[PDB]
Number of protein chains: 4
Amino acid sequence: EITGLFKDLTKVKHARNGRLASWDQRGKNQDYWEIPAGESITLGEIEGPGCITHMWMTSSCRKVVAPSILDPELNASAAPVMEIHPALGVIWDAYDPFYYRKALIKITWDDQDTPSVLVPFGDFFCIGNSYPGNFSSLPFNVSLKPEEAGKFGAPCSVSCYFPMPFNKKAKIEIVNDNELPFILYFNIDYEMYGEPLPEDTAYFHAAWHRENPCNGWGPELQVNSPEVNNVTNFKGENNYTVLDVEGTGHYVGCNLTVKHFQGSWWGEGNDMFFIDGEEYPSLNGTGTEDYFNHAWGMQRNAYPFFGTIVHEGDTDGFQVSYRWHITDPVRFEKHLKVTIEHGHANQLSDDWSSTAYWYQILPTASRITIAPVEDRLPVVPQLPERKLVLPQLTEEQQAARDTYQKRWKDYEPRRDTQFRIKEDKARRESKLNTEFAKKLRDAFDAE
Amino acid sequence: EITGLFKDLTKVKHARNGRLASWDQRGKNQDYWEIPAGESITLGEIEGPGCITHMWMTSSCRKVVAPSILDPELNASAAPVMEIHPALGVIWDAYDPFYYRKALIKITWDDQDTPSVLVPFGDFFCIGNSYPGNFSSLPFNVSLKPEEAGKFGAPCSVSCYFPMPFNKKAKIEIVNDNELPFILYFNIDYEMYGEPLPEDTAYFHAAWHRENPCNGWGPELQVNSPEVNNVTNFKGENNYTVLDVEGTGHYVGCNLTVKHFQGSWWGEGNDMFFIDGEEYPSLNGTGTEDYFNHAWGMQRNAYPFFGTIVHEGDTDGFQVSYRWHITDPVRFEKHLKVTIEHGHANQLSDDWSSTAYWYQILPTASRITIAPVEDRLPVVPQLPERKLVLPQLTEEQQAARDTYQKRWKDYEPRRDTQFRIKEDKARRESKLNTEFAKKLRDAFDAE
Amino acid sequence: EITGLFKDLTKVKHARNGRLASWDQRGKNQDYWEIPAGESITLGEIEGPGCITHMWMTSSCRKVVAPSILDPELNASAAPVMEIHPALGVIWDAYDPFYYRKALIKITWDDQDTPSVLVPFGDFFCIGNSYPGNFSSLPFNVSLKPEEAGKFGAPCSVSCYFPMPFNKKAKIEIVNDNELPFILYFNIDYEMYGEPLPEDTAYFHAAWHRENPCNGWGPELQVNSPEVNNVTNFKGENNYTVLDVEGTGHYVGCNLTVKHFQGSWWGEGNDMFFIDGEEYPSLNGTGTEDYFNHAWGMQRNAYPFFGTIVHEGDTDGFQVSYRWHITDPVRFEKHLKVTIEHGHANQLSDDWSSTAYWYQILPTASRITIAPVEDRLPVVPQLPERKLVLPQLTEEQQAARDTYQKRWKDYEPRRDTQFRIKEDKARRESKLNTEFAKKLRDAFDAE
Amino acid sequence: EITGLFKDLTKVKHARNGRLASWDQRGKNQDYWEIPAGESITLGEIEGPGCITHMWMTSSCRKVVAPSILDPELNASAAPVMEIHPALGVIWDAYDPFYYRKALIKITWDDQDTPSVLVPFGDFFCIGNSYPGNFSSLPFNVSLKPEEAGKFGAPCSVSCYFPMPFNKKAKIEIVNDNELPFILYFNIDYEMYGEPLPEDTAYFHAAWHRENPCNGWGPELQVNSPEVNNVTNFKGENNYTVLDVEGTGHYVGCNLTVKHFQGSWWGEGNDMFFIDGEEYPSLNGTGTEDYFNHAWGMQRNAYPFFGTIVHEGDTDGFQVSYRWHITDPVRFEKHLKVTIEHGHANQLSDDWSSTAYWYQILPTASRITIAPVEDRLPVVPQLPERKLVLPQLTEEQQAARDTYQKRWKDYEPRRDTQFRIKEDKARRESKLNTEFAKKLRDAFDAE
Ligand SMILES: OC[C@H]1O[C@](O)(CO)[C@@H](O)[C@@H]1O
Ligand SMILES: OC[C@H]1O[C@](O)(CO)[C@@H](O)[C@@H]1O
Ligand SMILES: OC[C@H]1O[C@](O)(CO)[C@@H](O)[C@@H]1O
Ligand SMILES: OC[C@H]1O[C@](O)(CO)[C@@H](O)[C@@H]1O
Ligand SMILES: [Ca+2]
Ligand SMILES: [Ca+2]
Ligand SMILES: [Ca+2]
Ligand SMILES: [Ca+2]
């Protein structure tokens with residue numbers, strides 16, 4: 001019979017495809033949702049049994065900061081995003097830099113009293129620090145244009161091929177903690193089965209964590225000084241914690257965002273895994289790039305199971321890295337703690353954040369929680385306050401300032417109205433998505 | 001026991017390798033076939049049960065356009081392709097631009113009356129528009145030298161890892177509709193089994209389609225104008241059809257070649273899938289680059305399951321793209337229609353062509369057809385007619401012209417003879433490949 | 001039921017993770033082993049049943065060639081490798097060019113009399129010619145910094161994802177035939193099973209070969225001359241031998257290092273596979289780049305299943321290539337001979353070395369040998385003797401020479417002592433690694 | 001009243017243009033000279049008064065090493081250089097690596113009993129080490145194709161804009177010390193004057209030197225070690241000598257080729273200029289890159305007055321640099337010694353060679369001499385002796401060798417004949433160039 005990773009293509013399965021999408025249910029060309037400010041919205045609820053097979057998304061979050069000479073009512077029906085340089089003097093929709101950290105993706109299986117995925121939107125899709133990097137790997141990909149790359153909140157395509165099985169229910173939401181709405185395009189593909197999945201079926205989970213600052217004992221000591229390197233750490237009580245979970249399942253990897261402050265090397269710390277409540281780690285690593293399967297630092301490589309998403313050499317002191325344990329998962333029967341020393345022996349006080357991904361049989365024993373939005377924002381240097389004084393104005397300069405202010409007073413409310421109409425579309429299509437997935441479930445089951 | 005995508009390497013299978021190849025059966029170094037002009041040639045017939053596991057090919061199609069000072073009899077036994085610049089004055093074997101569209105690959109399973117694969121030779125191997133682009137994906141790859149890249153009919157290496165099972169027969173042919181012969185190297189690897197595959201085994205199919213022009217309602221309206229974007233399309237009656245097939249199986253993706261005429265954006269159109277005869281599509285997409293898992297246009301990325309082969313930004317307005325549904329196949333019990341709006345609500349009148357790939361149980365109920373060769377050629381701009389009138393010639397210039405015409409009269413027929421000899425070798429080795437595959441089948445089965 | 005290459009993530013397995021690592025068992029930050037000169041060291045022994053799922057390593061081999069103004073006792077506790085340019089005048093730890101060929105990796109299964117893996121350290125990890133190239137493929141990756149690339153013995157991260165099952169025992173050793181010690185970091189991940197693996201389980205094997213020179217009939221004749229191309233070779237008695245193995249299993253590919261001498265093309269030779277003792281090869285290829293799934297030469301491409309690690313165009317005449325037969329393995333019931341013509345019909349006399357990878361049921365019938373160290377070194381051009389005659393020296397020059405020689409006599413033995421101390425840690429941690437793996441085995445089997 | 005560097009374009013001069021060129025005096029398209037082996041040839045002799053304003057040249061030197069299937073008599077009339085890769089099997093004209101150092105350019109003014117320019121052909125045109133690099137400066141430029149770059153003896157375009165005035169005579173020669181002829185294209189532009197130049201007119205001079213090895217006191221001591229850096233050198237008696245000349249004039253710069261042996265830094269040595277016989281240098285520099293107006297090493301920059309032609313980072317240990325003193329010339333009334341310490345205080349024993357360029361009033365005091373050809377060749381590493389032995393040959397392999405050897409015995413003399421005919425043209429056109437320059441002089445003087 002047929003063998004290898006393509007073999008399943010050579011046998012038919014009696015499963016029915018479905019898809020949750022931001023498709024324009026008016027039949028028009030607004031195939032995205034305007035996710036409202038300070039709201040949660042359901043991309044869809046699907047009745048099991050089924051499996052999520054693919055997610056694609058993209059997003060934009062602009063703030064209107066100047067009056068436009070583009071008719072704002074007609075402009076709402078043109079392309080979704082005014083990719084127009086502010087130097088032309090005709091419009092200014094500024095980029096919201098941290099929207100990837102202000103929104104969360106939230107997934108709840110089988111009507112549990114906790115989500116199983118609760119990760120900032122960016123970090124889930126391997127955008128760390130609300131700062132995309134172009135890369136491919138086996139389960140996650142980002143396609144980022146060079147014209148957009150190298151800034152906070154750059155638009156880009158994200159895709160996820162991790163399978164997410166569910167016997168009874170899938171509820172996918174976005175939690176928007178932003179004061180701004182944002183545009184979200186999505187295609188969530190799944191298949192529905194005509195019988196239950198086995199009860200030892202492991203469900204997809206993901207959780208996010210941040211230590212900022214890490215509680216270092218020697219942040220002011222030079223990394224790799226003899227004094228630092230001769231400190232011992234066996235038990236790793238103060239290690240950065242990527243994952244700490246009770247259940248039966250397996251860890252399939254992480255992304256790690258590190259903003260490093262001393263300008264040496266943030267990565268001497270060892271991975272240390274604690275399986276099934278052991279006091280001392282049974283899996284001991286050698287270094288943080290070593291865990292990410294690089295060496296002598298991180299490289300500008302992104303390989304199927306590991307590598308760099310954003311390289312410290314391209315930024316103001318921050319790195320985004322990933323490793324996938326797809327063929328080499330870290331299994332546990334009762335408990336797993338995944339840790340990394342934050343510098344050798346937890347020397348350093350850098351800004352670490354992470355997404356852990358794992359599969360486990362239900363139930364999800366502990367609530368997956370997330371730090372509040374004020375705790376999820378990248379650390380960025382800020383310009384000194386620049387309290388400008390206007391010179392003595394000519395009548396002409398005052399008339400220009402007055403005329404501009406008047407245009408702005410008229411224009412902003414007109415754009416606000418258009419955002420509210422699109423938000424109304426998203427809330428309407430949220431309910432239609434679920435209603436259609438229910439009709440599809442029932443028509444499949446009748447068959 | 002052993003899990004993950006390498007697990008089948010950890011157990012032995014009592015299956016016998018075979019290979020169809022263009023290997024020189026004189027034992028010499030012409031390990032290619034000269035595929036004759038206007039003929040079909042069988043690369044091999046294999047008696048099942050078995051599975052194609054790997055295909056590699058490369059090719060060259062040169063037209064002799066000037067006399068050479070290279071001895072044409074000896075030249076026939078040197079390297080197969082004279083990669084010599086015309087500026088040297090010694091030979092001129094011009095590139096045939098469109099040979100990848102003029103030749104088809106044709107595969108017939110189990111002695112059916114209809115082929116299951118009928119695709120232009122280029123497009124099958126993800127060469128769109130007879131214009132190769134360097135890329136890797138999980139099932140298909142093209143290795144293209146930068147020296148050869150950016151021209152029609154560039155030589156390059158092609159490789160296909162989609163498995164192709166067959167219980168009774170595999171017959172692989174090249175149909176060459178070209179006025180010219182072409183060089184084909186191939187290695188087609190398979191295994192033979194000592195027992196039948198299950199009768200619900202899904203067999204590999206591929207078909208090709210083109211709409212040139214697409215029947216757009218508004219090709220002269222600016223893409224993304226408010227007027228275009230407020231037109232509705234739910235049922236997709238006039239969508240571009242990628243695949244329209246009757247049977248039980250699953251679609252595994254496509255390549256798509258678009259030549260865009262307006263100079264705006266060709267890709268606002270949504271994928272819309274119609275499963276098992278439903279009137280309205282049950283899978284609704286958001287845009288064409290969104291279907292290819294890019295965003296805000298196509299990017300110069302080629303990832304394992306999707307991306308760009310040829311980028312519009314590198315060409316005279318054409319794009320070649322692909323998506324594989326390997327872990328997220330689109331399944332069907334009775335019928336599948338894969339469609340994409342050609343521009344929003346079928347606004348545009350661009351040139352679209354596509355290869356659809358799918359698996360299905362036999363029999364193949366849909367009779368796969370191909371557009372004729374005159375309908376398969378890229379649309380390219382043509383220089384205006386320049387009606388050169390010779391100046392008054394010196395006798396030395398006339399003598400040069402006559403001497404050159406006499407060398408051409410003597411040379412061209414000597415090249416033709418060498419092509420006829422290689423064509424005879426191709427036809428001979430066609431029969432040998434099938435005889436040897438039969439001997440190997442019978443020797444394997446004799447246990 | 002869940003299908004495709006990710007499907008094993010959706011089911012839990014009752015297996016216990018272990019890891020052999022160079023972790024610092026003092027709990028400090030020397031998470032590497034100083035592998036002694038001319039010694040074998042056991043990375044670890046693991047009791048089956050289990051499976052190696054992942055290996056990561058990195059390495060350094062420096063030779064102290066000048067006195068340093070860095071305190072050598074304190075230096076031992078700083079970073080492991082002094083990445084300091086000789087031009088600063090403060091230290092000179094020179095790169096040992098060929099340590100990747102001088103050290104072997106050796107793996108023995110189930111306490112057999114013979115190793116199943118015996119390959120130079122570099123070649124095993126797809127470093128050919130002790131000259132790293134940056135690349136990714138599905139089972140092997142090298143992450144090489146551009147600052148280190150383009151030289152012999154460059155440091156880099158290696159990773160292997162080929163699974164290595166074992167019912168009874170795994171013993172992993174480094175055999176260091178170097179006059180110098182070298183730094184090795186490693187993480188070898190595995191899982192332990194609660195029940196035997198099936199008897200038909202195929203075990204991972206690898207073996208290394210070199211022909212330098214190959215026994216060419218025509219090394220001074222131009223490649224692709226008509227005289228070369230009309231020589232016949234059906235039986236391939238004098239072909240380069242990648243693999244010659246007795247048993248039941250399957251070949252999963254090779255790396256090939258070719259130093260080419262005449263400056264034409266080394267790759268006209270066909271792959272010819274001889275299955276189960278057949279006299280003539282049943283699998284006939286077409287060319288050497290063709291076997292590697294490139295065309296018209298090798299390209300600067302590294303794809304999941306094949307390509308270029310080190311390109312001839314970037315070096316002084318040598319190429320490192322690979323092909324993985326993961327979904328298209330070459331199976332054998334009794335015997336397999338993997339050969340490639342060295343040039344068309346074995347014309348050329350180049351320097352060919354290869355690593356063959358295969359799986360087979362035990363016992364290993366074929367005793368795996370390795371050429372001694374003097375036969376493993378890369379062929380490199382050498383500068384002619386420059387017997388320098390000192391000029392007449394001033395008192396101040398003689399005093400500088402004497403002062404420097406004095407600093408060197410004092411300094412070298414102090415560095416020597418620090419190497420010896422690290423070597424004692426390596427021998428200590430070798431035993432500790434095996435003792436912990438045994439404790440872990442026993443606690444898992446008790447549970 | 002018009003000012004600035006363009007001002008002379010605004011006034012007419014009653015001067016007559018002339019050109020010495022390799023133009024085909026048959027009127028055909030062989031506009032080059034085949035410079036014979038082991039011969040001198042006069043590019044032209046011009047009667048003064050006049051001034052050389054511009055030289056352009058290019059060249060090729062191929063060695064026939066294999067029989068060709070190109071008709072050699074017809075080939076002589078095609079393009080001049082067969083840019084055909086040896087892998088095609090049809091021709092092999094190998095590159096002669098050191099022809100740039102085997103040929104000299106020799107210029108003699110006013111029938112003096114010494115040339116005033118005697119420099120290897122390459123070095124004069126800022127090709128050091130017979131190894132072109134692409135660059136532009138104000139007086140010299142090299143245009144090198146990237147396809148040809150990175151190899152010894154690469155073809156490229158050279159241009160010189162240093163003015164060369166002469167009151168009575170200019171004689172320009174190539175001295176070909178090579179065993180091989182070479183192709184030379186040239187265009188040498190000049191203007192003739194209707195009155196003598198003032199007798200205090202400074203004439204262009206250039207001379208070449210090499211110290212291989214330099215006579216270092218500490219080649220085995222680490223560069224920038226404290227012991228090296230504390231050695232003193234005020235008087236510079238053992239400094240590398242760029243120029244040592246008696247007369248009245250000014251130095252306008254140099255090129256310098258360094259092959260460095262230690263692998264640290266070759267360039268700590270100071271420039272020291274001795275003007276008018278001074279015991280101690282009056283112009284003291286700081287370092288060798290500092291003299292070339294780089295810092296902390298040489299950079300990949302080539303600026304109007306200084307920089308890098310070939311960067312050590314791109315080669316096997318050698319650098320070619322230049323500096324022009326056009327607005328900042330180093331003047332002398334009686335004598336100039338231009339020196340550079342070869343490493344700090346002449347520590348090092350590297351391979352240094354230089355072209356010095358200067359202007360001086362006549363007479364040239366001392367004969368300009370040049371090291372013989374065996375002393376002009378780049379230092380290159382050599383492959384060990386590959387004492388190949390043929391295997392037992394089949395009758396077919398013996399017949400292939402015999403047929404190839406017979407083809408070679410026939411072919412080589414046919415190519416030799418075509419070289420001899422082209423050499424005859426060069427010797428003929430040498431005389432015609434001087435006869436035409438004389439007829440032009442006399443026609444101008446009559447007018
Ligand atoms: O990769 C090997 C080692 O390289 C380092 O960068 C050395 O300073 C460490 O973080 C790591 O363990
Ligand atoms: O990727 C998101 C959207 O971006 C566009 O290019 C916007 O005009 C559309 O084709 C697509 O649906
Ligand atoms: O890739 C096709 C063919 O290209 C060549 O380089 C032609 O000389 C051969 O090695 C190979 O068989
Ligand atoms: O450019 C400043 C200095 O930089 C160096 O490379 C430093 O060692 C010297 O050769 C030079 O004098
Ligand atoms: Ca560490
Ligand atoms: Ca759309
Ligand atoms: Ca061949
Ligand atoms: Ca100095």
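All heavy atoms count here, side chains included; hydrogens, waters and symmetry mates do not. Naming convention: chains lettered A, B, ... in sequence-line order (proteins, then strands); numbering from 1 in each chain.
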Inset, instruction - Could I get the full list of salt bridge (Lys or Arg N to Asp or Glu O under 4.0 Å) partners for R300(C), not counting sequence neighbours? - result: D314(C)
Legend entry - Within 6.0 angstrom of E73(D) CD, more than 12 heavy atoms from elsewhere: yes
Legend entry - Over all atoms of both residues, closest heavy-atom pair of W217(C) and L390(D): O-CD2, 3.7 Å
Inset, instruction - State whether the number of non-hydrogen atoms from other residues, nucleotides or ligands found under 6.0 Å of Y411(D) atom OH is greater than 12. - result: yes
Legend entry - N-O pairing of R376(D) and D177(D) below 4.0 Å: yes
Legend entry - Over 12 non-hydrogen atoms of neighbours within 6.0 angstrom of CD in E374(D): yes
Inset, instruction - Taking side-chain contact (heavy atoms from CB on, under 4.5 Å) as the test, write out the residues that go with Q262(D), two or more places apart. - result: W92(C), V223(D), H260(D), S264(D), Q347(D), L348(D)
Legend entry - Considering all heavy atoms, the nearest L118(D)-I368(D) contact: CD2-O, 3.5 Å
Inset, instruction - Check the surroundings of atom CG in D31(D): do more than 12 heavy atoms from other residues, nucleotides or ligands lie under 6.0 Å from it? - result: yes
Inset, instruction - For residues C254(D) and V242(D), report the shortest heavy-atom separation together with the two atoms involved. - result: CB-CG1, 4.0 Å
Inset, instruction - Search all heavy atoms of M298(C) against all heavy atoms of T308(C) and return the closest pair with its distance. - result: CE-OG1, 3.4 Å
Inset, instruction - Kindly say whether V90(B) contributes a backbone atom to a donor-acceptor pair with the side chain of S68(B) at under 3.5 angstrom? - result: yes
Inset, instruction - Grab the two heavy atoms, one from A426(D) and one from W33(D), that are nearest each other, plus how far apart they are. - result: CB-CB, 3.7 Å
Legend entry - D424(D) and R428(D) ion-paired at < 4.0 Å: no
Inset, instruction - For the pair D123(D) and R101(D), find out whether any cationic side-chain nitrogen is under 4.0 Å from an anionic carboxylate oxygen. - result: yes
